[PDB]
Structures are given as structure tokens and as C-alpha cells.
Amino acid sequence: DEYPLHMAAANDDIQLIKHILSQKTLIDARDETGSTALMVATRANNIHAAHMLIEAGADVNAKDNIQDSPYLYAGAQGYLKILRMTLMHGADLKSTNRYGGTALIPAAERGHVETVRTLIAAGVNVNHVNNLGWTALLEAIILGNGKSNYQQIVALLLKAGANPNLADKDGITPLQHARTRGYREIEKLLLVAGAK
């Protein structure tokens, strides 16, 4: 077919991938959509194919036509095994998705606690503001449900040093957002971090 590495990647077919890679052509060849084979594997959470492609030098920061990269997408989706691989193989922690967010912001949004922990530890900037005017902290409050995972993510962000006073575009602070929603645990965490 036209793009056999991409199909092999979609299928997690690592014997076929091994054979194609032995031909010594460009690992990041684009298919008809502009996607790399590693991007195809990552969208599918095909851990084994992603590992083989990454070890062979596929660029974890190459982008597709919606500004996803393997690193960015694995972080947003909580595909933590692939994400860890990307972090060991050149993830650009300053890179941003189509919303202008780091990988950390969607991980927080979606309540992916261990992905948040991992990204904090790696050094993603906790104070980054996306093109919705939101930080990881703001999204965890506004787009979470105030429970369990989101309390844990708030706590992680604040202990790591996220500024609790970085407000949304309209000047509404994390503290006000928590108060408006009656999120008492998150309010208390914010106040001890110096929120106003």
C-alpha cells in the first residue's frame, strides 16, 4: 500500500515495523494526512509500536494537522507508558497543542493524576497559560468536579509551586472559582498556598 509503516504502526505489528525500519528510509515519513507513524501509534495507544519507533529515532515533537505531537497527545490522553518514553527521548516541554497549552493542562483538565504528577516532575511549567486564558490549576477547578482526582491535582500543582493567584482572562481567580462552586477542599488548599 501507500504508507506501510503507518499501517503497521496502527496495528501494533512490531515484526512488520522491524522489517520496514530495516529498509533505512525516513522514520517520520508523512502519510496522506501529514501524520507520522509514531503519531498513528500514539493515537491508538500502541505502546510496543511506539517504543520501537521512538528507539529508532522518531521525533516525539513532530506535529500533525491539529498540532498534536506524540508527547502532547500522550499527556492529554493519560497514555502514561508512551508519555514516559517521550520524556526520555526529547519531549519539548515548552511545546503546545492547538489550544496553546502544554501537555500538563489537558492532563489536569481530564483528572489524570499520575500524568500530572509525571509532568510536574519532568519540569513542565505549571504557570503556563493557554489560549483560553487558563492554567492547569484553573482548568482543574473549572472543568473538574471538585472531588478526589481534582483535589489531588490541585494539591500537586500548589505544592510544586503553581501561583495560586494567576486569574482567568476575566480576572476571576482560582479562589473565586472554587468559592463560586462550593469546592471547600480546593478552597482550603488554595488559601494555605496564599490564594487571594
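Note that residue numbering follows the sequence shown and begins at 1.
Two stretches are in play, 23-31 and 134-142, and the higher mean C-alpha B-factor belongs to 23-31. For the two regions 54-62 and 167-175, the entry's Cα B-factors average higher over 167-175. Between the residues 160, 40, 129, 47, the entry's highest C-alpha temperature factor is the one at 47. When all modelled residues of the chain are sorted by CA temperature factor, residue 71 is found within the lowest third. Among the modelled residues of its chain, residue 100 has a C-alpha B-factor that falls in the highest third according to the deposited record.
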